[PDB]
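Reviewing the structure listed below.
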Amino acid sequence: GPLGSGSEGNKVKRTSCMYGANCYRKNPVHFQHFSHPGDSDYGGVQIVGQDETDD
Ligand SMILES: Nc1ncnc2c1ncn2[C@@H]1O[C@H](CO)[C@@H](O)[C@H]1O[C@H]1O[C@H](CO)[C@@H](O)[C@H]1O
Ligand SMILES: [Zn+2]
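Written out as structure tokens, the structure is:
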């Protein structure tokens, strides 16, 4: 089962990044391989402020 074919330029549902909410690194091609919170294709939703923001 060979793999290794994930490349999204700017028109596909990119995979959320390992730390999209805090992705400290930033490259010109990394944004195409991983999506991030704040973009139209983000899709990670890993418990980011469930319901504790009432202050
Ligand atoms: N908040 C945050 N954003 C991105 N990457 C992050 C992170 N918190 C931790 N990491 C990565 O996980 C390990 C800790 O187990 C760190 O060393 C980070 O690894 C990064 O290092 C690579 C480049 O040196 C990156 O590709 C990423 O894996
Ligand atoms: Zn990232």
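Numbering of the sequence shown is given in the working numbering, commencing with residue 3 and proceeding in unit increments.
Every residue, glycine too, gets a C-beta built ideally from N, C-alpha and C.
Close Cβ partners of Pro39 (< 6 Å) along its chain, the five nearest in sequence each way excluded: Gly22 and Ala23
Pairwise C-alpha distance: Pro4 and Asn12: 25 Å
From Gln48, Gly8 and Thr17, residue whose alpha carbon lies closest to that of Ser42: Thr17
First through last residue of the alpha helix (DSSP H) which encompasses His32: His32 to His35
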